[PDB]
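Worksheet: the structure to be examined is printed underneath.
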Amino acid sequence: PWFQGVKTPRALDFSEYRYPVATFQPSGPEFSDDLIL
Amino acid sequence: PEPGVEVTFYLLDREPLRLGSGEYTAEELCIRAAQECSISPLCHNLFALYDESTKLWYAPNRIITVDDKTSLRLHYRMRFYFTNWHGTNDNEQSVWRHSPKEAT
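Those protein sequence lines, which keep their order, are chains C and A.
Residue numbering for the first sequence follows the entry's author numbering, beginning at 255 and increasing consecutively.
Residue numbering for the second sequence is 32 to 132, 145 to 147, as defined by the entry's author numbering.
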């Protein structure tokens, strides 16, 4: 039966690709100093 | 088999969590697993806990107690999934996050 049928799987063609979010840029300052009234 | 509770993942490189005592809440162990597997805080809430031997999932505020005798195996899995998240399926609209004034 299947001996006479040969065909590549249909889930092997690729198109338009894809893209996720990579990451977030780390950034933060610190410049506190404190006094009382 | 051996006495004790074990967390399990799907990556052989990450060693399983191991604990002998302590009185925990599911969110703490969840964000512990997240820290160990290095998941962004923007994405940790997609994950939860599940018991294969019970076919049930623990509550976010559920309390788990050890008594030097208890033992069970747990699975830190992602649960909330949305179909056609990708853009490969052109037959239906995909999904995306909102962006401040392309799609994220």
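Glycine included, C-beta positions come from ideal geometry on N, C-alpha and C.
Inset, instruction - Check the C-beta distance from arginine 104 of chain A over to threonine 39 of chain A and give it rounded, since I have them as a contact under 8 Å. - result: Numbered from its first residue, the second sequence carries residue 104 of chain A at position 73. Numbered from its first residue, the second sequence carries residue 39 of chain A at position 8. Contact holds; Cβ gap of about 6 Å.
Inset, instruction - To the nearest angstrom, report how far apart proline 32 of chain A and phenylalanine 111 of chain A are at their CA atoms. - result: Position 1 of the second sequence, counting from 1, holds the residue named residue 32 of chain A. Position 80 of the second sequence, counting from 1, holds the residue named residue 111 of chain A. The alpha-carbon atoms of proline 32 of chain A and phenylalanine 111 of chain A are separated by roughly 31 Å.
Inset, instruction - Report the rounded CA-to-CA distance for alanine 276 of chain C versus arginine 93 of chain A, giving the unit in angstroms. - result: Within the first sequence, numbered from 1, the residue matching residue 276 of chain C stands at position 22. Within the second sequence, numbered from 1, the residue matching residue 93 of chain A stands at position 62. Distance between the alpha carbons of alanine 276 of chain C and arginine 93 of chain A is about 33 Å.
Inset, instruction - Can you tell me the Cβ-Cβ gap for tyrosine 107 of chain A and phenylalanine 78 of chain A, rounded? I've got them flagged as a contact below 8 Å. - result: Indexing the second sequence from 1 puts residue 107 of chain A at position 76. Indexing the second sequence from 1 puts residue 78 of chain A at position 47. Confirmed, Cβ separation roughly 6 Å.
Inset, instruction - Determine the burial state of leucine 291 of chain C: buried for a count of at least 16 other Cβ atoms within 10 Å of its Cβ, exposed for fewer. - result: The residue labelled residue 291 of chain C in the question sits at position 37 within the first sequence. The residue is exposed, with fewer than 16 neighbouring Cβ atoms inside 10 Å.
Inset, instruction - Report yes if the CB atom of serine 102 of chain A is closer than 8 Å to the CB atom of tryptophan 116 of chain A, and no otherwise. - result: Counted from its first residue, the second sequence places residue 102 of chain A at position 71. Counted from its first residue, the second sequence places residue 116 of chain A at position 85. At least 8 Å separates the beta-carbon of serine 102 of chain A from that of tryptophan 116 of chain A.
Inset, instruction - State buried or exposed for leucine 289 of chain C, treating a residue as buried only when at least 16 other CB atoms are found within 10 Å of its CB. - result: Position 35 of the first sequence holds residue 289 of chain C. Sixteen is the threshold: since fewer than 16 other Cβ atoms of the shown chains lie within 10 Å of the Cβ of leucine 289 of chain C, the residue is exposed.
Inset, instruction - Would you check whether the ligand PLP has a heavy atom nearer than 7 Å to the C-beta of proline 34 of chain A? - result: The ligand PLP is not part of the structure shown, which contains no ligands of any sort.
Legend entry - Secondary structure of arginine 110 of chain A, DSSP reduced to three states: Position 79 of the second sequence, counted from the first residue, corresponds to residue 110 of chain A. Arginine 110 of chain A: coil per DSSP, three-state reduction.
Inset, instruction - Report yes if the C-beta distance between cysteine 74 of chain A and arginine 45 of chain A is below 8 Å; otherwise report no. - result: In the second sequence, counting from the first residue as 1, residue 74 of chain A sits at position 43. In the second sequence, counting from the first residue as 1, residue 45 of chain A sits at position 14. Cβ distance not < 8 Å, so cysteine 74 of chain A and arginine 45 of chain A don't count as in contact.
Inset, instruction - Find the nearest neighbour of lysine 100 of chain A within the set A:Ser52, A:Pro47, A:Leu43 and A:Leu48, judged by alpha-carbon distance. - result: Here residue 100 of chain A corresponds to residue number 69 of the second sequence, with the count starting at 1. Measuring from the Cα of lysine 100 of chain A, the nearest candidate turns out to be A:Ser52.
Inset, instruction - Report the rounded CA-to-CA distance for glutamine 279 of chain C versus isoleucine 70 of chain A, giving the unit in angstroms. - result: For this step, residue 279 of chain C is matched to residue 25 along the first sequence. For this step, residue 70 of chain A is matched to residue 39 along the second sequence. Rounded to the nearest angstrom, the two C-alpha atoms are 15 Å apart.
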